[PDB]
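> Before the rest arrives, take these chains from my complex:
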Amino acid sequence: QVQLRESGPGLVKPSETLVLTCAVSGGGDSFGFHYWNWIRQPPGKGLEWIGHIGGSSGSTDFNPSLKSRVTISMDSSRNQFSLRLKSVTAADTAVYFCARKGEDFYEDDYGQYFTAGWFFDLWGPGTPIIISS
Amino acid sequence: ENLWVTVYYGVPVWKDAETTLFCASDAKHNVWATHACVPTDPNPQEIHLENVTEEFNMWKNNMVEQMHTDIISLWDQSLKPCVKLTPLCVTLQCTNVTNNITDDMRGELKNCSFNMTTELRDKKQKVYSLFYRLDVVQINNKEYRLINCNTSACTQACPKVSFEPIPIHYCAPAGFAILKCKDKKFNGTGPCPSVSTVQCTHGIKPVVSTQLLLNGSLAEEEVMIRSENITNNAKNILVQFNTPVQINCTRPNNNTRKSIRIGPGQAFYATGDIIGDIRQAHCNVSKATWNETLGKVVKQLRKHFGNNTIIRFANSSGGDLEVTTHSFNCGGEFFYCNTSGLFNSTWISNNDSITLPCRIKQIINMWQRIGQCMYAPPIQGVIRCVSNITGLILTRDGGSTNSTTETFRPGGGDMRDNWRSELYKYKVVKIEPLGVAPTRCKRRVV
Amino acid sequence: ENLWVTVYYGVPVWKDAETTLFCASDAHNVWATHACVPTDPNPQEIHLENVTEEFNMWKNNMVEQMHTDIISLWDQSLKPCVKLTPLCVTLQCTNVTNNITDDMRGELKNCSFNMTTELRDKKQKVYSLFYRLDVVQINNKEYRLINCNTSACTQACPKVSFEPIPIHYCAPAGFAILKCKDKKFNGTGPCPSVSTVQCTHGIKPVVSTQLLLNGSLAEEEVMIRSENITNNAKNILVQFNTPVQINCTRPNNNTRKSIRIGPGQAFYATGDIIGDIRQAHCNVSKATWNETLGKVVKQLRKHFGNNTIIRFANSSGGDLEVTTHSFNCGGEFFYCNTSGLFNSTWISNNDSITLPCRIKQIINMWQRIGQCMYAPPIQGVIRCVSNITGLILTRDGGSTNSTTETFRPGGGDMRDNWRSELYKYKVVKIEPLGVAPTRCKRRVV
Amino acid sequence: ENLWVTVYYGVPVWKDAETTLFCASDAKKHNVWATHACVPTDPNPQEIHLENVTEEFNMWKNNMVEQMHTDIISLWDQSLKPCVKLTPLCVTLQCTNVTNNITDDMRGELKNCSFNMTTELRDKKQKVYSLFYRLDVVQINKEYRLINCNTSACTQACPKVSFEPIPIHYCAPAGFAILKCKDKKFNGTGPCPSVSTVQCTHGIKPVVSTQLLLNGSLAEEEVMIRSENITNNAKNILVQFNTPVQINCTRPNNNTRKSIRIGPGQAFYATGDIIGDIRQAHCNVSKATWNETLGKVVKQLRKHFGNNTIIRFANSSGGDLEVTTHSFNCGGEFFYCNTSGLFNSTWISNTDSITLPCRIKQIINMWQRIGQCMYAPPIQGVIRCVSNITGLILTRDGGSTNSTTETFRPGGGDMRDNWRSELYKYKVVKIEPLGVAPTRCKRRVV
Amino acid sequence: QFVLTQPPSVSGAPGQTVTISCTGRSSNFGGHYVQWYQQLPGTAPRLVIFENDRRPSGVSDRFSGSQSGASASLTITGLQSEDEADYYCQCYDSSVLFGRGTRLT
Amino acid sequence: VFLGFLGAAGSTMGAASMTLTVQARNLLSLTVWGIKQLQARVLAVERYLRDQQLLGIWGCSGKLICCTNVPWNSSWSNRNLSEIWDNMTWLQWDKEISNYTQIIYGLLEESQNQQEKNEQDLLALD
């Protein structure tokens, strides 16, 4: 039983750094294998992607259209990863979600098996972010 | 006046039986193991037997059958310690070839790239290898896959062993003997006038073939015909001839060898890069020597039939390519040759090189054991194969009404006729040294 | 005294020693490959008179050698077969509700998992049917096989069969088998009428725990054999004088489909059943069972006091492998809750009964945590007609004053089935040399 | 005046030949050397002394040591067959230095390693940790890999059995005999003036070592020196001690063993958490006892070579870790001990304890085979093995330095020389009972 | 950065089967494994069809996908009043591709 | 030894009487070639002991040419002795005798036993 919780404030000033911490509970040792991703959605339109964060080693792969605009931290001690985006404007009014990248483990004597795509099985309730004064 | 009994010990008495044989080699690694085989005695005594007759019987004796079971078993013992070659059944992205490609190899050789695990199990590398058209099948640049993976996938042959045929000998076991014939006219049956006794035989080639017998025992003076039933159409006809015509089977593609390591201590020998110009493999046979060989076989086939019938030579009927075409081994490769130009002639009542295309299939399969197979690794350089064609296998067409226009066509879907003609003199027989005869004995009591 | 030694060649002198045996068949069957010499059309039974030879039971070497033979026969039967290691996979494993009865609710499981295809880079969702006694819970829940935390194993190859073919254990040259032909032959003691036989009759190596099936029955009366009739810690062997037929069947028209587990090698899964499913059951008539239960208690009055109350109860307990019946009807191993066959009491002085029988497919049955087996499904319905002839009982003593002398059917081990079949034989070694005083003198030339 | 030959069957005449041997053990749970399917040894030592016999014994030519090198590896491969395999363990290790009451000499020696491996099922994974040594763990480019991962896949070798050397007796087959030379001053090759026949040999412990003899049979009165040629530069000149000197090799760590499951019935055992202060494994040799023992061989070495010639001892020159260190066994765990502290010696004419640093390996190649490796399981508790060293395997060096300052160093690249010091008394001979002699016979006709 | 083609609105009636297709550019076939999502009004997105055609155990059996070369399809047979929600098409060319969205009315 | 092993095959039975030594001398002379090598050796010994003990328990243990006091059933072959050692050969002789050869081996068992019994009673007074 794994729940992807959420945090974050409400009304926020634009053009500065906003924090979002997503915490997973049922892991113990179930954090190093699966990737963790941030996905945001403006109201009335489709989903948008942010970037990666490493499970145990730590890797930073980000969206090519949001480079030099957002940093993601990781601890590997409390299973909490933080999302920090900068230069937020009034057009970035969107609800933010944290999702778990799935993985299909299988190993035979001959070799290992790897996955193909970036499919998300676990999601979170999310928290809307409003940009106002 | 009466007679008295006697016991004789060591008398020549034969009765027909069957017995397993044992190996005998000249002590010269090999897939025909030879490392633990008993060395042979370099003096076969050819003891001529006078005032004797013997009724031989082909296609019923188990001498060919007992050795037939040793063909599969010897290859299985040399395949078990070899490396397994199962886990390469990942999907294959495959392209075509380049570097001055000709029309004959247009689409036969394929350049394929696929994912592969490394020594570290959670790390993969992309490798490339060259495969033939008869090695991959289509999954509907496109994604190909191995032909023999939806069927039972198998291993690859170890590079240390070699498939060159060592002529082995089968010495008779102690208390047992075999007899050989020295006649001119020979059926599958018939009483042999000159029977000779020998324990250890001459060289017997364990080479395998389906269409044309090669590197076989030469005939004596002329061409003899072997058949279970010459009036039947389903019986394979074995024909051997005295003059050995030569074939020059060449692989003109100079290739390298690349080692793709698939796991810990497990290396898959992939094909390298075809350096230089690429040309299709082929076999060369003389025009004049082959026609007079056909001219030296038409005479002895006409003595078993009428002199007014016309014989027609055509190619194979149809079916799988492995059974309907030529197949042999030359330096670790497996050639599939189209023999349309060898058997295209008609015979009426009374500069010189013939070429024929040949195909290459790296994955070879056992004829009867579909539960496994073996992968022949590529051999670097240019493969040169010279051999003597000594025997042919022909099958008569079904029907043949009015006892005329009897066409002779190739065939021979079994692998037991390659050694049946090589053991034509031999038949295992059991000796019993006891005997009772009447006489005038009166043993003196004490 | 004019006495000189001489030697005799060809003298019957009996010594007892351990001996390897032969094989013989009555003209693939890897369970008993019978790649041996065929038995003779006419065996040579020679009765020996004026001889009293001692025969000992439960220490005979015939049962111990063949116990190791069937283990070696089993291990060779499974090494040329496909490994089932790609089956320790999380099973989204659930119920089945269509055409079910009251007591079968939850026994059969519609149970699915992930499995690979020809490419080792694509997976698929196959489904199969498994029994309750084959899967274990972890926490539409998640399930796993029983053998996943123990030794991985293979499945039996489908072409070979495990039916009991009668075989002969025959003495080698310079060796003999002595067959006693006493109608009231007590196991521990000498047999006054011993005959010799080259090769014995047909032996059916059935593997049964509670009862005995297809054994050699007695001639006129039931007999009781025990190492120590005073002790209560040894199994009680009972051999019947008349056979009682048993009717066991599986009423399910179960299909069988084969899925590709990997490179050509296949795994024969359980297909979808056709029609309604009932419980497998065994049938025993009351008229032929209550009277033969009176026969076995009559012979209990010759080893104990006849003024004793005798009771029959259920099994003591333990795991399911020993508390229930287990046999090999048509390649399917049933497990029958034998409770109505051992619920009776006796005072000191048509009517077929059903037996609840459950089905298991992963069976260990050699006390081995090194290998196991997956039983392949069988097309159609299962049908067996057999005779029960042996009751491996256990004296539940402890009480005194010859009161409520109960018996509980046990049979924890598995070599006591064959102790009632090889009961007539003992290996002997002949010594064809010997000496005796003789008045003869050897002349000198 | 005339002679006639008579037949003598059963006379003592023996000719040299070669054959296989038997097994024999006493007092019976599982063993790798003497399995349960072995005949027990005889209860009486049939030693029959002979007179008027001089036989030329020839060691380094008899193949009993070659037969010893044949069946031990056959037993060594056989125990490895029904065992758990450890092929998925060389997935990339993420390791770090351990610092928990660590000393200076063990800094960087032990590594606390962590990786990802399968559970009983094949779809769940766990982050498990274990301990490994430096000698079997190398870099990749913090990511570490096993040294056996780029070589053959290999196993754990079933810790329910033990590598304890139980003495085994090689018994002769029927019709043969074994000759034992009882001469007290018999060197390598030459005649033996007093030889005694025996049916089956004495107890031989199959211990394996590369530098020093362990638990061997002592000499009688004087230490012996045996070599191929006394002027040779190679082929491992060796000695045998007459008095025993003891050694204690200890592992003072409170090591523990945890069960980590490869999968279904695939139980693998790895090093747990060490308890207490860690100390280097060391071997202690008495300083006064070893110096006087070396003071006896230096007198024995002065008669084969020139008198008044000084000799200087030295450590190993170079090579791999299996030849430059004293490799042996201690309770089922392999040791690789530095030996410089016992072989620094210079001796001149007119004539408390020494510690040895020692490193421990887990996976080793027992022989020169490239196809297998054994993961020594971590065995629990403090271990203290007592043994006697009784022989040296020395290799001299060339150079005509006026026959002065001769150098002796422990080598032993070939490991079958261990059994030569145990089978030097024995040889295999073939008994021929038939014989002929001329007499006055005149066999009469009845 | 290129959004996937997707119809913003599609009609839905109980008892029939609808088809939703998404395809951008396929010059080089790198988007082999398309992914589908189902988001009830607001709430949380879910995963119904994963690696091209596979599904998680717990969703309805009527959900089925298809990968016909360079074109992908999603078919739901026998619509009801509870599955009328938004669906998204997920592909992969460089890092992550997201579709626009659909609407079952 | 001048003709070789199994030399005088179809020769005269009298002519083959002297060359009965080479056949008795030559009666004895993990891979798949290993099991049947041992199977041939154990069968050669078993074949050698299938008739040596069958002949050794008769009136002559190890004599090469031998005959015993059991009279010949003259109605079996009904042929002269002037062609047995002159014209009739060993090869065309067994096929006319082997139809009943199983019982002759039995009659020499008890004929030698009573001859031995006569020798046993011959030493009663000695």
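Looks like it came in fine. Numbering: from 1, shown residues only, chains lettered A, B, ... in the order given.
> Can you get me a residue count around the residue in the stretch 301-446 of chain B positioned nearest to chain F?
Nearest residue of the stretch 301-446 of chain B to chain F, counting by CB to the nearest CB: residue B:441, 3.7 Å away. To be clear about C-beta, it is placed using only N, CA and C from the backbone, and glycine gets the same treatment. Residue B:441: 15 surrounding residues under other CB atoms under 10 Å in any protein chain shown.
> center of chain A - which residue?
Closest to where the C-alpha atoms of chain A average out (CA atoms, centre = their mean) is residue A:38, at 2.5 Å.
> what helix or strand does the closest residue to it other than its chain neighbours sit in?
Leaving aside its sequence neighbours, residue A:38 sits nearest to residue A:50 (CB to CB, 6 or more residues apart in numbering or on different chains; 3.8 Å). According to DSSP states H and E, residue A:50 maps onto strand A:48-53.
> State the distance from the residue nearest the centre of chain E to chain C.
In chain E, the residue lying closest to the centroid (CA atoms, centre = their mean) is residue E:36, at 3.9 Å. For residue E:36, the distance to chain C equals 16 Å [CB to the nearest CB, to the nearest Å].
> do the same with residue B:208
23 Å.
> Can you list the buried residues in the helix or strand hosting residue F:114?
If you go by DSSP H and E, residue F:114 is part of helix F:101-122. The neighbour-count check on helix F:101-122 (16 or more other CB atoms under 10 Å in any protein chain shown) flags F:104, F:108, F:111, F:112, F:115 as buried.
> and chain G on top of that:
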Amino acid sequence: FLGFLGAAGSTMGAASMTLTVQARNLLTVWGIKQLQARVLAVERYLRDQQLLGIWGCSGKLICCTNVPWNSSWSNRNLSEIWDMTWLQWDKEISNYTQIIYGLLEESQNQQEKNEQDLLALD
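Time to bring in chain G:
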């Protein structure tokens, strides 16, 4: 008339009349099981045949030697021996059967030198 070991319980005066029946019949995982017993039988027959052959009885089923019977070995009369069973007779001598063969061969070996002497005179 009786068969294999037919007279195993009769008197030795009648059991030893027809005793050659016991001598003529003295000769996969089942393959190894069969092969082990086939090799076991040929040496079992040849072990005591060599023991018989080392004496002066090479092929005689019944023979006689000049080694005299020791009085302390049996201490039993002769007339009742041939008219009780073989097995009860065996257990009365079984302890010292090994030492009977010891003096049986030394006299036999000295016997063969005896005819080696006087026959060599001419």
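> Chain G added, so what about the buried residues of helix F:101-122 now?
For helix F:101-122, using 16+ other CB under 10 Å, the buried residues are F:104, F:105, F:108, F:109, F:110, F:111, F:112, F:113, F:115, F:116, F:119, F:120.
> As JSON lines, these with distance to chain G would be great.
Compiled in JSON lines, the buried residues of helix F:101-122 are given as follows (distance: CB to the nearest CB, whole Å):
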{"residue": "F:104", "distance to chain G": "14"}
{"residue": "F:105", "distance to chain G": "9"}
{"residue": "F:108", "distance to chain G": "10"}
{"residue": "F:109", "distance to chain G": "5"}
{"residue": "F:110", "distance to chain G": "7"}
{"residue": "F:111", "distance to chain G": "11"}
{"residue": "F:112", "distance to chain G": "8"}
{"residue": "F:113", "distance to chain G": "6"}
{"residue": "F:115", "distance to chain G": "10"}
{"residue": "F:116", "distance to chain G": "5"}
{"residue": "F:119", "distance to chain G": "8"}
{"residue": "F:120", "distance to chain G": "6"}
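> Out of those, which comes closest to chain D?
residue F:119 (16.4 Å).
> all strands for chain A, in order.
Applying DSSP state E to chain A gives strands spanning A:11-12, A:18-23, A:36-41, A:48-53, A:70-74, A:80-85, A:95-101, A:120-122, A:127-128, A:130-131.
> The lengthiest strand in chain B pairs with which strands?
Assignment by DSSP E gives strand B:237-263 as the longest strand of chain B. Using DSSP bridges, the strands paired with strand B:237-263 are strand B:224-226 (antiparallel), strand B:266-274 (antiparallel), strand B:282-286 (antiparallel), strand B:381-396 (antiparallel).
> now for chain H:
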Amino acid sequence: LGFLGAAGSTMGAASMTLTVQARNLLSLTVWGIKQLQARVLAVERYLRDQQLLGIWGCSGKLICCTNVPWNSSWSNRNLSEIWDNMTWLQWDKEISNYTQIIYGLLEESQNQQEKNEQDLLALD
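Just below you will find chain H, in place on the chains above:
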């Protein structure tokens, strides 16, 4: 005096010990095959010289007398040294390469003898 106890004595002294030399000529895992082949090897070699002795005029017969004339060129000695001076072991090395011709002369000299007994019991 034990097994092979007279191997260093002369032929006259070692002619009273032929019994003990002829008595010890019979006596799944890798041991199960290795000891199986060594057992059948011993019985084959014991039978090898048994039939080689059996073709001659004596079966068993540890002292076997034979009327073949001894050749003087093989030894060129007398009875004063081949019975009282030297041993069995050094006797074979003088006749090691003469063993092929002493064997080959004997089976025919044996074979020419039974024809004298063949017509003795037939032309009576």
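> With chain H now part of the structure, what is the answer for the neighbour count of residue B:441?
Neighbourhood size, residue B:441 [other CB under 10 Å]: 19.
> Quick one: neighbours of the nearest residue to it once chain neighbours are set aside, just the number.
In space, and not counting its chain neighbours, residue B:441 is closest to residue F:67: 3.7 Å by CB to CB, 6+ apart. Residues near residue F:67, counting by other CB under 10 Å, number 24.
> Same check on residue B:403?
10.
> List the contacts of it.
Neighbouring residues of residue B:403 by CB atoms under 8 Å, 6 or more residues apart in numbering or on different chains: B:305, B:306, B:309.
> For the second one, give its distance to chain E.
Taking CB to the nearest CB as the measure, residue B:306 and chain E are separated by 63 Å.
> which residues touch the closest residue to chain B within chain A?
The nearest approach of chain A to chain B comes at residue A:110, 3.7 Å away (CB to the nearest CB). Listed by CB under 8 Å, 6+ apart, the contact partners of residue A:110 are B:84, B:86, B:87, B:263, C:120.
> from the residues you listed, which is closest to residue A:4?
residue C:120 (32.2 Å; CB to CB).
> Quick check: residue B:22 vs chain H, distance?
The gap separating residue B:22 from chain H is 14 Å, by CB to the nearest CB.
> Also residue F:58?
From residue F:58 across to chain H, the span is 13 Å (CB to the nearest CB).
> Right, I'll call it a day here.
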